Amino acid sequence: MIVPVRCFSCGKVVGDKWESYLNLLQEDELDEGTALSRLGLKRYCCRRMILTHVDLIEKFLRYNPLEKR
Amino acid sequence: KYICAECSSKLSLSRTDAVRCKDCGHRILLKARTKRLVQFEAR
Amino acid sequence: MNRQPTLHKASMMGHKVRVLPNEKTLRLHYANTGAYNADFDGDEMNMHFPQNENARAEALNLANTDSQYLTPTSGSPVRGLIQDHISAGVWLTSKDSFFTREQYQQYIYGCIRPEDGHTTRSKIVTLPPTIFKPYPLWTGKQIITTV
Amino acid sequence: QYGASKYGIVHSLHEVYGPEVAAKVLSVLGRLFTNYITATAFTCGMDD
Amino acid sequence: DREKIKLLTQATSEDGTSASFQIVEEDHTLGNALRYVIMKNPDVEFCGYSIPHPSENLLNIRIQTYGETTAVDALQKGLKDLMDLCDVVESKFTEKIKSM
Amino acid sequence: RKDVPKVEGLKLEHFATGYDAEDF
Amino acid sequence: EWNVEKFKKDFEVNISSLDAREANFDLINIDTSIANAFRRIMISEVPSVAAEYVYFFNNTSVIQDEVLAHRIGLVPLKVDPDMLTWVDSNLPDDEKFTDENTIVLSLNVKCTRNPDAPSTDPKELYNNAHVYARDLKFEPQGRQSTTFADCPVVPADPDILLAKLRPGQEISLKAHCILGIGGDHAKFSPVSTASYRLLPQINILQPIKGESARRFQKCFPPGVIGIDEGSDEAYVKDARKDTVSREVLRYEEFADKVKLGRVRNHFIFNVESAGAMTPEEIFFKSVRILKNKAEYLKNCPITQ
Amino acid sequence: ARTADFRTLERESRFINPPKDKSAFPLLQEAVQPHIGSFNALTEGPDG
Amino acid sequence: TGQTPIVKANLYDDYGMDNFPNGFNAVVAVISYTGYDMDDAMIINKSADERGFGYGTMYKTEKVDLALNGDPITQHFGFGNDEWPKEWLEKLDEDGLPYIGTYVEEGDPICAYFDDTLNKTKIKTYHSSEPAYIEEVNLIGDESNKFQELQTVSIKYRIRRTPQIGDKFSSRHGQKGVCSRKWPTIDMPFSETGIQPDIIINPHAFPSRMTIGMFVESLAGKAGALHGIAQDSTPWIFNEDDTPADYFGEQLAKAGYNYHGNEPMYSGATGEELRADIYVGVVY
Ligand SMILES: [Zn+2]
Ligand SMILES: [Zn+2]
């Protein structure tokens, strides 16, 4: 749902490297390899955290029963 | 208080009042959350 | 204890009690589950409790897990270290398995623990090493002789 | 030797010393290979 | 401070060249390290750490010695050598962080 | 049967615990 | 006989690298049990500040209540320890909570509609649509607020994406954070990956000159093996840039004239920090907390 | 030509706004084909 | 915290199941190190569990209604001024409905109704051994043309389900297993890099379970976790010519790890290197 922080295996903070990762993919048009190495994720434990996150929060928010459609 | 199911209008009813929204012709009502204190664990 | 479905005399054993301030789950041993024929994948086992002192003595001497080591159906044991202790036994008792002085003393006390009343010597003893020069060095057979 | 087999080492101490000593050696050996595994474990691999 | 360390009269000796000690809220941190610093004492017959069960946070230290030295003295010296080790592992690190 | 397409353009993405990708 | 001065004349340190976030130093001829005690005490015992209790007021957001309290708890803080001492847990909360024990960070965010020309990023569709970690406003209160006047309570990373908002949803809360050790809850662990490794020793049994070293150097990292010429048999540059992989054991050409071992005495330590600690002071506290754990038993007689 | 890989900048694009055109993933719609097709043909087709 | 598989089928993207992640990816270490697994039972890391390792929530829906029938209305929601016991405001409002986000045990008031016949307001409590959180309350009044009065409210509960010791985690290869003990990272064996495996599987299960896929995806997932690529499973693509242990092995060779996957590990308890290298990888 939401980007995780404090990767389970290693413990390094990862929640602050999701929007900057989407910027490195959309703006610079880099590959997944270099876009992960630029953020400073050397170990494959914390690499797979945002390399594989689904981020369903962008689709959960589309249901707002508190304001008109 | 309460909000509608499709129009999402801030409304409220009293005793001997029809359970429906005044803006549209619907019957489902959602009860909003009020500002009160609750203590949970930060784990 | 009792495992459903109970289908043999060795399915109802008498055990001592040991509390564990860790969880809300019963804890078994590897030698007992071989007698109960009970797996651990979602299998549940109840826990009875005698209330009389006489029934307590019966479940302590005649229904205990020690006297039930040999099943009366064929005179064959159903208790024993099951999977990892025999694969580790091949490596521990192996020929090229040498232990230093510290690895030899720490392994022995890690099992005896005379505080909990396992040994009867009331004082642990150590055998001389197999090799003297250039420095002492023990063996797996030597560490089995000690215990 | 030890486990579910006739004429083993534990099955022999059960006859020479009794079931109390037999179950005692079973538990002590249990913690023996448990501690030896804690200091030197055992694993499987794709190269095996 | 009478629950941290206590002697076990159920396994100790009479001259008391051998005894068993029990510590609470301890683990391999002090179990393994303190076990190592005592072995350098040339009057250590048998001594090792052992965790009964990981659920309860206890620790047992059997200690056996030869004559002319009891089991408590070898423990006190064992903890003394650990302090002599902590002082040099800190001083060398301090002199190295200054040598940069 | 054609062989599985090998992924091309790969380097060493791991080194010692305190050394980065300094060695080409 | 092994003595302290005999171990001191041999013990040496070699700091390979250092940074404000990560430091890599080397320990010479130290015992593995002592080295493992340092790593084990660094990952568990060093204290740190982290959110312990949550007081919520309104969580109409789509992200669940206990999930927001879970993330806020995992949020690290750049708060220097030893400013707030330990707090007891037996006494009730009304007097257990003091400014000297804990410090409080608040959060009050509301989302509103923002008109713009429309696939479009939510950065210009609403106001405060994404609440980051920088929105956690520390609340100076109690008796001593000047202790943080030099450096305010700031999260370790202001770019942490805690939650996302939508119009009509609000987030109002106050969070109390205290100190704790990593053994109770590993959120109090200021280290990322505290670990050590033994220096991989490589032995040369036979000459490697010729084209054999041309293929032997590439099996290892290039900085490991060094070659001079066709003569003057190849050697090792430094065994610290060598990652243990046993790649030469696959070839029958090298499976007989090389051996890969380990130096049981030379260790290297690479420690990181979450933001509340520094990789130098946390090891200085490591040797200090072990010096305190055993000295607590030194000046303590035996019972029974 | 890497592999049969995934994508994030394109999947999150669907998470932002659903396509106003026909429904994406034109394979899952054929999973209910025996169900919705049978009840559809109950009214669809000549002679009602 | 659901994630997509690193090594996934070619049709996993065609089905659109990326919208519904059903599991996660973590580092598997096939060891018998701990000793609490003489079967396919596994052991999670306590340090990983406190970070949200497999965090889940339950949702219950109970429809409490007071309507038995054309008959005159007898029961009424809310409160009557005849008699009132105290300590009923912490869970309910003045309308007899509960607040949103309140923690309720078994035996707590969840909805109060007044009745004019018995001239006594009585509470009907929520009875369930698991205390849950209050999430939603739905007001519905229907089956009437012009007369309206509420006699049916649909309350909805949510259950914070932290993964405790005793649950049943499993891979996608039939590898059943129950959590033996939450092993802390303090004594968890650490690798050469310094990562502690958040799951341990007894290698003695494989000879009887007869599974090799979870091994080959422990190298494929390991290669993908370094190069960023996502290997495609798509069975019936490999034969005796090019084995997957070799094809995925060359990627580990050019990555910097072992060709076969055996990564050198360090024991947690004593601190020295193990006898042999430990098989390390990630599995969905
Ligand atoms: Zn990680
Ligand atoms: Zn309405």
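Residues numbered from 1 in each chain as written, not as in the entry; some residues may be left out. Chains lettered and ligands numbered in written order. Part of a larger assembly, values for the part shown. Heavy atoms only, no water.

Q: I'd like a description of the overall build of chain D, backed by residues and values.
A: From N to C terminus, chain D includes two helices and zero strands. Along the longest, intermediate and shortest principal axes, the C-alpha atoms of chain D span 45 × 20 × 10 Å. A total of 48 residues make up chain D; the buried ones form 50% of that total. Per element, the accessible surface of chain D, about 2400 Å² overall, is 54% carbon and sulfur. (Helix = DSSP H or I, 4+ residues; strand = E, 2+ residues; numbered from the N terminus. Buried < 20%, exposed > 50% of the residue type's maximum accessible area, 1.4 Å probe, protein only. Areas by Shrake-Rupley, 256 points an atom, 1.4 Å probe, with all protein chains shown as cover.)

Q: Any chance you could break down the coordination of the zinc ion (ligand 1) for me, citing the residues and the numbers?
A: Residues and elements named next belong to chain A. Donor atoms from the polypeptide that bind the zinc ion (ligand 1) are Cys7 (SG), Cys10 (SG), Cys45 (SG), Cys46 (N) and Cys46 (SG), placed at 2.3 Å. Sequence spacing of the donors to the zinc ion (ligand 1): C-x2-C-x34-C-C. In this structure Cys7 comes out as buried when scored by relative accessible area, which is 1%. (Donors = N, O, S within 2.8 Å, 3.2 Å for Na, K, Ca; no water.)

Q: Residues and numbers for the coordination of the zinc ion (ligand 2), please.
A: Residues and elements named next belong to chain B. Every protein donor of the zinc ion (ligand 2) is accounted for by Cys4 (SG), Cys7 (SG), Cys21 (SG) and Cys24 (SG), and the metal-donor separations fall at 2.3 Å. Here the zinc ion (ligand 2) is ringed by four donor atoms whose angles at the metal span 78 to 168 degrees, and the overall shape comes out irregular. Between consecutive donor residues of the zinc ion (ligand 2), the sequence gaps follow C-x2-C-x13-C-x2-C. Here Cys21 lies in the loop between β2 (10–11) and β3 (29–31) and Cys4 lies in strand β1 (residues 2–4), a separation of 17 residues in the sequence. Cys21 shares its class with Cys4; the two are buried. (Tetrahedral: all angles 85-135°; square planar, octahedral: opposite > 155°, others 65-115°.)

Q: Describe in detail the packing of aromatic side chains, supporting the description with residues and values.
A: Scanning all chains against the criterion turns up 37 aromatic pairs over all chains. An angle of 40 degrees between the planes, with centres 5.2 Å apart, marks the rings of G:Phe216 and G:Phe254 as tilted. Separated by 38 residues along the polypeptide, G:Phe216 in helix α5 (residues 211–219) and G:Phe254 in the loop between β13 (235–236) and β14 (258–272) bring together distant segments of the chain. Classification of G:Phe216 as buried rests on a relative accessible area of 3%. Members of the aromatic cluster, joined through ring pairs, are E:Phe93, G:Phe25, G:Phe38, G:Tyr196, G:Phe267, G:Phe269, G:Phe283, I:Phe190 and I:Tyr266. (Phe/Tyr/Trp six-rings, centres within 6.5 Å; stacked < 30°, edge-to-face > 60°.)

Q: How would you explain unusual backbone geometry if you had to name every residue and give the values?
A: Put simply, C:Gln4 and C:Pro5 share a cis peptide bond, and its omega is 0 degrees. Topologically, C:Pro5 is positioned in the segment before α1 (30–36). Note that the residue after C:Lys133, namely C:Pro134, is joined by a cis bond; omega there is 0 degrees. Positive phi, normally seen in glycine, also occurs at D:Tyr7, with a value near 60 degrees. When you line up the elements, D:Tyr7 lands in the segment before α1 (9–16).

Q: Hey, could you go over the packing of helix α2 (residues 71–98) of chain E against helix α6 (residues 281–298) of chain G for me, with residue numbers and the actual values?
A: In the contact formed by α2(E) and α6(G), the axes pass within 10 Å of each other and the chain directions differ by 165 degrees. Relative to α6(G), the element α2(E) lies roughly antiparallel. When the axes of α2(E) and α6(G) are compared, the crossing they make is left-handed. Between α2(E), through E:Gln76, E:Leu79, E:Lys80, E:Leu82, E:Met83, E:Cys86, E:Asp87, E:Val89, E:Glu90 and E:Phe93, and α6(G), the contact on the second element is made entirely by G:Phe283, G:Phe284, G:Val287, G:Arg288, G:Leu290, G:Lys291, G:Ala294, G:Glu295, G:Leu297 and G:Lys298. Per-class residue counts for the contact of α2(E) with α6(G) are twelve nonpolar, one polar and seven charged. (Axes fitted to C-alpha atoms, helices over the stretch in contact; angles between N-to-C directions. Parallel < 35°, antiparallel > 145°, perpendicular 65-115°, else oblique. Left-handed = near helix turned anticlockwise from the far one by under 90°. Contact = heavy atoms within 4.5 Å. Nonpolar A, V, L, I, M, F, W, Y, C, P; charged D, E, K, R; others polar.)

Q: Describe the side chain of G:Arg40, naming the residues involved and giving the relevant values.
A: With respect to the helices, strands and loops of the structure, G:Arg40 is situated in helix α2 (residues 32–44). The charged side chain of G:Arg40 is buried without a salt bridge, its nearest counter-charge being E:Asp27 at 4.6 Å. A polar side-chain atom of G:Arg40 sits 3.3 Å from the main-chain carbonyl oxygen of I:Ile186. Within polar-contact distance, the side chain of G:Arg40 engages the backbone oxygen of I:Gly268 at 2.4 Å. Each residue touching G:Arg40, except ones within four places of it in the same chain, is listed here: E:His28, E:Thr29, I:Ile186, I:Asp187, I:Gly268 and I:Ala269. (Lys, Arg positive; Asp, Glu negative; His and termini not counted. Salt bridge = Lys/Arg side-chain N within 4 Å of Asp/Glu carboxyl O. Polar contact = N/O pair within 3.5 Å; in protein donor to acceptor, adjacent residues only side chain to side chain.)

Q: Let's hear about the domain arrangement of chain I: which residues, and what values?
A: Residue and element names in this part refer to chain I. Here chain I is partitioned into domain 1 (1–1 + 56–162) and domain 2 (2–55 + 163–284). The C-alpha centroid of domain 2 is placed 47 Å from the C-alpha centroid of domain 1. Across the contact, six residues belong to domain 1 and nine residues belong to domain 2. For the pair domain 1 and domain 2, the summed buried area comes to about 660 Å², and 39% of that belongs to carbon and sulfur atoms. Of all residues in domain 1, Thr1, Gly56 and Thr162 give up the largest surface area on contact with domain 2, accounting jointly for 84% of the area buried on that side. The interface formed by domain 1 and domain 2 contains zero salt bridges. Taken together, the links from domain 1 to domain 2 amount to two residue pairs in polar contact. Looking at the side of domain 1 that touches domain 2, the elements with two or more residues in it are β3 (56–65) and β9 (152–161). Its residues assigned to classes, the side of domain 1 that touches domain 2 shows no nonpolar, four polar and two charged. (Domains from an automatic or database assignment. Buried area = accessible area lost by both parts, 1.4 Å probe.)

Q: Account for the interface of chain H and chain I, naming residues and giving values.
A: Reports of interface size often rely on the accessible area that becomes lost once the parts have come together. Every contact between the two is made by eleven residues of chain H and, on the other side, 13 residues of chain I. Taken as a group, H:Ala4, H:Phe6 and H:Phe25 account for 41% of the area that chain H buries against chain I, more than any other trio of residues on that side. The interface formed by chain H and chain I holds one salt bridge in total. Connecting chain H to chain I are one residue pair in polar contact.

Q: Tell me about the arrangement of the chains, and name the residues and values.
A: A comparison of contact numbers over the 19 pairs of chains in contact places chains E and G at the top. Nothing in chain B touches chain F, and the closest approach of their C-alpha atoms is 31 Å. Taking C-alpha atoms only, the smallest gap left between chain C and chain F, which are not in contact, amounts to 29 Å.

Q: Give me the pairing of strand β3 (residues 48–59) of chain G: which residues, what numbers.
A: Burial analysis of β3(G) places twelve of its twelve residues in the buried class, which makes it a mostly covered element. Direction of pairing for strand β4 (residues 38–41) of chain B relative to β3(G): antiparallel, over a ladder of four bridges. Across the sheet, the residue bridging to B:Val38 is G:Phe56, located in β3(G). Bridge count for β3(G) against strand β10 (residues 170–180) of chain G is ten bridges, and the pairing is antiparallel. Bridging from a neighbouring strand, G:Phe56 pairs with G:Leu173 of β10(G). (Pairing = 2+ DSSP bridges.)

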